[PDB]
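Protein chains in written order, with the entry's author numbering: chain B, 8 to 165; chain A, 9 to 165.
Idealized CB from N, CA, C, for every residue including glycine.
Inspection log for the structure reproduced underneath, given as structure tokens.
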Amino acid sequence: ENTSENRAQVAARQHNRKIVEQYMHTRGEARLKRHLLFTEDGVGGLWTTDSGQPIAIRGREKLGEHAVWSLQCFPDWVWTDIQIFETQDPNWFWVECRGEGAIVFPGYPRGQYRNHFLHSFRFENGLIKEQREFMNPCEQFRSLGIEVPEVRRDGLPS
Amino acid sequence: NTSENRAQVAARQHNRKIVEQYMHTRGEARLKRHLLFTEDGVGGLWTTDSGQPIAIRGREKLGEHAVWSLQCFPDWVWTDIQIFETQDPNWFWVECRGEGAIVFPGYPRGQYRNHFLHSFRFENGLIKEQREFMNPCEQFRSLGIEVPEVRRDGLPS
Ligand SMILES: O=C(O)c1ccccc1NC1CCCCC1
Ligand SMILES: O=C(O)c1ccccc1NC1CCCCC1
């Protein structure tokens with residue numbers, strides 16, 4: 008129905024969507040200001056890690072400091088094949104994408120990293136309150152020259 | 009308030025109920041969950057150590073995979089289920105946890121728990137593609153398999 012309440016929702020979703028698009032398109036030196044898309048207490052980071060705990064960077068300033076590390080370790084990164092998923096919550100979006108670029112981790116050789124990613128974006132007052140990255144860490148191991156364990160699934164059909 | 013829209017609301021409402029069903033299926037009822045797919049529907053695990061998905065294609069093969077699944081994960085349950093509707097009436101995401109016993113040939117019996125994202129794409133009110141995404145490292149752990157530790161050396165605190 009056409010109500011101002013439903014209109015508010017649409018406008019919120021629409022404004023939020025444009026921020027997701029901006030996030031996912033941010034490259035190079037622009038990455039250093041991408042923290043400004045977050046709430047002051049906003050959280051970002053990697054939720055699928057070998058340790059099992061997330062790497063959660065908390066706060067708009069700590070996120071800016073994190074961008075400096077990210078830009079050196081992933082200097083030429085690009086997200087590709089971006090699919091943005093609005094949800095029934097005008098403040099909650101999912102993104103399915105790929106990404107590729109060099110990976111430069113001290114104590115490993117320079118590598119080429121490619122992976123499939125899912126990102127979660129939750130909003131508050133039109134800024135990002137919580138960004139979470141989900142990927143398969145095994146592809147990151149490969150990129151680092153780290154041997155990947157193999158699970159044998161005997162009986163799996165076929 | 010067009011029929012165009014009503015049609016989709018209907019599809020989305022219908023499809024959401026099938027996502028709820030899938031996610032709430034336990035026990036012996038797992039052996040018939042393949043029936044919620046299209047005849048040519050695909051399900052399986054998209055985050056593997058090998059880097060390639062384990063994709064099970066067709067209702068028949070899915071029904072066969074359920075027998076495997078019920079042996080290897082005899083008491084599996086999904087919890088903390090959050091279902092996300094999308095702008096596409098035939099596309100849902102689910103974020104959830106899951107846990108249960110893991111009983112694979114050649115590994116010690118373990119307790120497996122993980123965080124999961126599932127994608128469900130529909131055709132004609134049935135599941136045309138279901139995809140599970142998780143962290144394979146937690147499954148390694150469940151089986152006693154060593155997980156390497158990635159060092160991120162100048163990562164700020
Ligand atoms: O992949 C990582 O090691 C990682 C660590 C903390 C935060 C995010 C991380 N993932 C991003 C780093 C920049 C884009 C490519 C992957
Ligand atoms: O986790 C697995 O090894 C697996 C392999 C093929 C298809 C699906 C898989 N994951 C499901 C198996 C059934 C219990 C919950 C996780």
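Can you have a look at residue i and say buried or exposed, based on whether 16 or more other CB atoms are within 10 angstroms of its CB?
i: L163/A; result: exposed
i: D57/B; result: buried
i: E12/A; result: exposed
i: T87/B; result: exposed
i: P144/A; result: buried
i: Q119/A; result: exposed
i: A74/A; result: buried
i: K69/A; result: buried
i: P113/A; result: exposed
i: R139/A; result: buried
i: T10/B; result: exposed
i: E137/A; result: buried
i: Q21/B; result: exposed
i: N122/B; result: buried
i: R14/A; result: exposed
i: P97/A; result: buried
i: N23/B; result: buried
i: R34/A; result: exposed
i: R117/B; result: exposed
i: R159/B; result: exposed
i: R105/B; result: exposed
i: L43/A; result: exposed
i: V17/A; result: exposed
Starting from residue i, trace the beta strand (DSSP E) in both directions and tell me its first and last residue.
i: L125/B; result: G118 to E131
Under 7 Å between beta-carbons, which chain A residues line up against residue i? List them in chain order, please.
i: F141/B; result: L125 and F141
i: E93/B; result: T94 and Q95
i: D57/B; result: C145, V155, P156, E157 and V158
i: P113/B; result: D161 and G162
i: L151/B; result: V158
i: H73/B; result: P164
i: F130/B; result: Chain A residues near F130/B: none, gap ~14 Å exceeds 7 Å.
Have a look at the DSSP bridge pairing and note the partners of residue i.
i: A109/B; result: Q119/B
i: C104/B; result: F124/B
i: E137/B; result: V50/B and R129/B
i: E93/A; result: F100/A
Run down chain A in chain order and give the residues with a C-beta less than 8 Å from the C-beta of residue i.
i: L43/B; result: Correct list: empty, because the minimum Cβ distance to chain A is about 18 Å.
Specify, as a first and last residue, the run of the alpha helix (DSSP H) that residue i falls within.
i: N13/A; result: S11 to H32
i: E146/A; result: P144 to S150
Starting from residue i, find everything on chain B with Cβ-Cβ shorter than 8 Å and list it in chain order.
i: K69/A; result: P164
i: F148/A; result: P156 and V158
Which chain B residues sit within Cβ distance under 7 Å of residue i?
i: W76/A; result: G162, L163 and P164
Just to make sure I have the definition right: I need the residues of chain B whose C-beta is within less than 9 Å of the C-beta of residue i. Which are they?
i: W101/A; result: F92, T94, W101, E103 and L125
Length-filtered (3 minimum) beta strand (DSSP E) runs lying within the stretch 48-84 of chain A: 62-65
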